[PDB]
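# A look at the structure
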Number of protein chains: 2
Amino acid sequence: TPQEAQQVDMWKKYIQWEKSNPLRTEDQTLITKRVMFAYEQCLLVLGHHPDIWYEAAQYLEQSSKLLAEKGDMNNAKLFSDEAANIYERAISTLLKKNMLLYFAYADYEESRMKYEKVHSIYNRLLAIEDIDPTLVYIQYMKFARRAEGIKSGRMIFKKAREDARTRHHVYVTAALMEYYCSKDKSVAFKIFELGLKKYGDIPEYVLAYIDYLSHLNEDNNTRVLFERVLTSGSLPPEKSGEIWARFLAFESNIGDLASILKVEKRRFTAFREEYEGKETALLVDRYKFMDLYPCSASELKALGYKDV
Amino acid sequence: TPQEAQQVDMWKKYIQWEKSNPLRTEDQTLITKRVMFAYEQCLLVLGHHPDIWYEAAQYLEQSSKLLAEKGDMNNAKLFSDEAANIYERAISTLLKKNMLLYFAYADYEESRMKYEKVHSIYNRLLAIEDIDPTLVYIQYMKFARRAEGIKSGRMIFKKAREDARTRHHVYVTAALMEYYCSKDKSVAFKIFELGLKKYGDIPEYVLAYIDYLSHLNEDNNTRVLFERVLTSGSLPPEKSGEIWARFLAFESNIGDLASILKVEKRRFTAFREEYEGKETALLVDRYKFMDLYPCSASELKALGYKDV
């Protein structure tokens, strides 16, 4: 609502004034106390805004940093700990399923080295039945690996495959992790293959896999994967649109005109209904390269051309 | 214009009807003529619709294949050379500078081994002063590679650079060609570097480079590239949005929380204006993964979140 936008601004503009140390004081612990009081007053009527909680926690974070740099250690801990309580209150009441704050809180405790504290935050979220954990497992994995090594990440991945709610993105994340961090193509291939087993009918997963393999730059292996995913019967034709496109493109970069036309023919087959009476529309994707088109916009729509 | 569209559809149907050979005749060359006569009358008034020319040119090419597939060589060649003149007529009259047709023409003549003919078409087009040759050179190089070889491709790439109208896309194409075909990273690097001098300010080109390098999976090199791309003044700050997200994503994949936050701080520092009092919206990009967001679309809305 437009009216609420104004409340949020009066609060933020007011908190800003408070942050500009009106007292002209120098006792940082006193400024921070006045600023927090303001945030509190704000949270009483805007407790449903993730940003309010986040910025407040962010403030105690920067504050604690200042008192530390300026020697004061006692208040550096009090404010550091208070920040974490901000996150706790956030997810413990008004925003119980807010992934954004859970992740912020996780990162904050990770920065403070409280790894067990982190583990309990992610798992706390996961234990909430009505949410899509996919993105949660990903963050969790990135944390395990980052702070406890490969083996730790793998355990989180395993916990992810065993959760019925997890979706395909988790396999992509795991496979690439093995490839980028472990520098291990062998396992990358294994996890992708494993995910292809249950998500061979999801174009974004298949495309995700196709893409990883393409960049290895070994023409043959790449062609096999293309054939396998397109010709296994797992991926419906109505959804193979971009796979065909990618395949065409691939044959264009390192193949020959016979490979290209041949593939473009198999696609027309798959969409004998779709691109019917519009072969010219399909022809465009044979020439377009990142924002460059064989025809003008108006000319391009008069062909009935639509692009992914 | 609705009127225009109605007529095309109208004629396409007729032409199509004539293609069904409503009066069952085992005389193809006659079915063809009847269909071509239909096309001809259509091209007489709708010569400005590329699809009509191409589709007609295709039918002939197919009729030439059905006749040649039964022994009748005479008509096979007759209809083949006929298809070619349809392209020839299409670019010589109403669509003098239409890329899709020149490419389709070139491609057709190429499938018939008429390479000199091909070279002529690409050149007749490049010969036209007011057009964007970029995509024309890209296609020419592709042809030059498959038909005459890598040494030939590099030749078209030279002309492409020599031409003051060309845009960055040609460098990306050459660089990747050297990578995907020549399997030569050393040259891919030079071309990309060569190009980087002329287009360090074009986010599209830079992202293309980063992406190529990034997939080579050598951490420190990728990092160095990011630092150069984002650090030299060549890239207008307001157009760095995406590069910074790639950078943050990159660190998120293979680095620790510190480097992640370090890059996030630099991103913010380069956008104080942009995302101000909207720090939370940026935090979103720290977690998002290929279509999975930490918040609900509406929640993302309130944060003033836009996707770079």
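Residues numbered from 1 in each chain as written, not as in the entry; some residues may be left out. Chains lettered and ligands numbered in written order. Heavy atoms only, no water.

The deposited coordinates derive from X-ray crystallography, with the record listing a resolution of 2.80 Å.

## Some thoughts on the packing of helix α9 (residues 169-180) of chain B against helix α10 (residues 185-199) of chain B
Residues and elements named next belong to chain B. For the pair α9 and α10, interaxial distance at closest approach is 7 Å and the crossing angle is 170°. Judged by the angle between their axes, α9 and α10 are roughly antiparallel. Residues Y171, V172, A174, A175, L176, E178 and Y179 of α9 lie in contact with α10, whose contacting residues are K185, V187, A188, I191, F192, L194, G195, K198 and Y199. (Axes fitted to C-alpha atoms, helices over the stretch in contact; angles between N-to-C directions. Helix = DSSP H or I, 4+ residues; strand = E, 2+ residues; numbered from the N terminus. Parallel < 35°, antiparallel > 145°, perpendicular 65-115°, else oblique. Contact = heavy atoms within 4.5 Å.)

## A look at the nonpolar core
Most often, soluble globular proteins keep nonpolar side chains buried together rather than apart. If you look at the biggest cluster of nonpolar residues, it comprises 198 residues, and the most contacted ones within it are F103(A), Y205(A), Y212(A), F103(B) and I243(B). Residues within four places of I243(B) in sequence aside, it is in contact with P203(B), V206(B), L207(B), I210(B), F226(B), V229(B), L230(B) and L235(B). (Core = buried A, V, L, I, M, F, W, Y, C linked by side-chain atoms within 4.5 Å. Buried < 20%, exposed > 50% of the residue type's maximum accessible area, 1.4 Å probe, protein only.)

## Structural notes on the side chain of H49(B)
With respect to the helices and strands, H49(B) occurs in the loop between α2 (28-46) and α3 (50-68). If sequence neighbours within four positions are ignored, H49(B) has contacts with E4(B) and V8(B).

## Some remarks on the packing of aromatic side chains
Inspection of the entire model under this criterion finds 44 aromatic pairs over all chains. Both rings, one in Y293(A) and one in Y305(A), keep their centres 6.1 Å apart while their planes meet at 65°; by these two values the pair is edge-to-face. With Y293(A) in the loop between α15 (279-284) and α16 (297-301) and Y305(A) in the segment after α16, this pair connects stretches of sequence that are 12 residues apart. For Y305(A), a relative accessible area of 13% corresponds to the buried category. Judged by centre distance (5.4 Å) and plane angle (15°), the rings of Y87(B) and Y105(B) are stacked. Of the two residues, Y87(B) is situated in helix α4 (residues 73-92) and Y105(B) in helix α5 (residues 99-111); the sequence distance between them amounts to 18 residues. A connected cluster of aromatic rings, assembled from ring pairs, spans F157(A), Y171(A), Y179(A), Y180(A), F192(A), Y199(A), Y205(A), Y209(A) and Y212(A). A cation over a ring is seen here: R161(B) above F157(B), with NZ or CZ 4.8 Å from the ring centre. (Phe/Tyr/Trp six-rings, centres within 6.5 Å; stacked < 30°, edge-to-face > 60°. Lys NZ or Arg CZ within 6 Å of the ring centre and 35° of its normal.)

## Observations regarding the side chain of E109(A)
Residue and element names in this part refer to chain A. Within the secondary structure layout, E109 lies in helix α5 (residues 99-111). A polar contact is formed between the side chain of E109 and the side chain of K117, at a distance of 2.6 Å. Residue contacts for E109: discarding those within four places in its chain leaves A84, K114, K117, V118 and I121. (Polar contact = N/O pair within 3.5 Å; in protein donor to acceptor, adjacent residues only side chain to side chain.)

## Thoughts on the interface of chain B and chain A
Listed as interface residues are 57 residues of chain B and, on the opposing side, 60 residues of chain A. Across the interface of chain B and chain A, roughly 5,300 Å² is buried in total on both sides, 58% from carbon and sulfur atoms. Summed over the shared surface of chain B and chain A, the result is 4 salt bridges. Across the pair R286(B) and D107(A) runs a salt bridge, and its minimum N-O distance is 2.5 Å. For the pair chain B and chain A, the number of links is 27 residue pairs in polar contact. Counting only elements with at least two residues in the side of chain B that touches chain A, the list comes to α3, α5, α7 (134-148), α9, α11 (203-214), α13 (241-254), α14 (257-269) and α15 (279-287) of chain B. Partitioning the side of chain B that touches chain A into residue classes produces 25 nonpolar, 15 polar and 17 charged. (Buried area = accessible area lost by both parts, 1.4 Å probe. Salt bridge = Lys/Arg side-chain N within 4 Å of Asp/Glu carboxyl O. Nonpolar A, V, L, I, M, F, W, Y, C, P; charged D, E, K, R; others polar.)

## So, the relation of the copies chain B and chain A
At an RMSD of 0.6 Å, chain B and chain A line up after a rotation of 179° and a shift of 0.2 Å along the axis. As the rotation angle and translation indicate, the two copies are arranged about a two-fold axis. Taking C-alpha positions as reference, the residue of chain B nearest the rotation axis is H215(B), located at 3.3 Å. When the interface residues of chain B are mapped onto chain A, 98% of them again fall at the interface, so both copies present the same face. (Least-squares fit on C-alpha atoms.)

## Regarding the packing of α5(B) against helix α6 (residues 115-126) of chain B
Residues and elements named next belong to chain B. Taken N-terminus to C-terminus, the directions of α5 and α6 make an angle of 170°; their axes are 8 Å apart at the nearest point. Between α5 and α6, the interaxial angle falls into the category roughly antiparallel. Judged by residue contacts, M99, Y102, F103, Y105, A106, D107, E109 and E110 of α5 engage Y115, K117, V118, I121, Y122, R124 and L125 from α6. Counted by class, the contact of α5 with α6 contains 10 nonpolar, no polar and 5 charged residues.

## Section: α3(B)
Helix length check: α3(B), at 19 residues, gives a terminal C-alpha distance of 27 Å against a target of 27 Å (1.5 Å per residue), a fit within 8%. Of all 19 residues that make up α3(B), 14 are buried, and the element is covered over most of its length. (Expected span 1.5 Å × (residues − 1).)

## A word on unusual backbone geometry
At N21(A), a residue that is not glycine, the phi angle is positive and equals roughly 30°. Examined against the element boundaries, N21(A) turns out to sit in the loop between α1 (2-19) and α2 (28-46). In the Ramachandran plot, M113(B) falls in the positive-phi region, its phi being about 70° despite a non-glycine side chain. The topology assignment puts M113(B) in the loop between α5 and α6.

## Considerations on the environment of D219(B)
Relative to the assigned elements, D219(B) resides in helix α12 (residues 219-231). The class for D219(B) is partly exposed, based on a relative accessible area of 23%. Spatially, the C-alpha atoms of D219(B) and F250(B) are 9.1 Å apart, while their sequence positions differ by 31 residues. Aside from chain neighbours lying at most four places away, what touches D219(B) is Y180(A), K183(A), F250(B) and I254(B).

## As for the pattern of salt bridges
Residues and elements named next belong to chain B. The tally for this structure, following the rule as stated, stands at 49 salt bridges over all chains. Taking the shortest distance from any N to any O, the salt bridge between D285 and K288 comes out at 4.0 Å. For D285, a relative accessible area of 13% translates into the label buried. With relative accessibility at 27%, the residue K288 sits in the partly exposed group. When salt bridges with common partners are traced through the structure, they connect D81, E109, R112, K114 and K117 into a single cluster.

## Details of the environment of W17(A)
Relative to the helices and strands, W17(A) resides in helix α1. Sequence separation of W17(A) and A164(A) is 147 residues, and the distance between their C-alpha atoms is 49 Å.

## A look at the environment of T222(A)
Residues and elements named next belong to chain A. In this fold, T222 is placed in helix α12 (residues 219-231). Relative accessible area serves as the criterion here: at 2%, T222 is assigned to the buried category. As for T222 and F250, which are separated by 28 residues in sequence, their C-alpha atoms are 8.8 Å apart. Apart from the residues within four sequence positions on either side, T222 is in contact with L213, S214 and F250.

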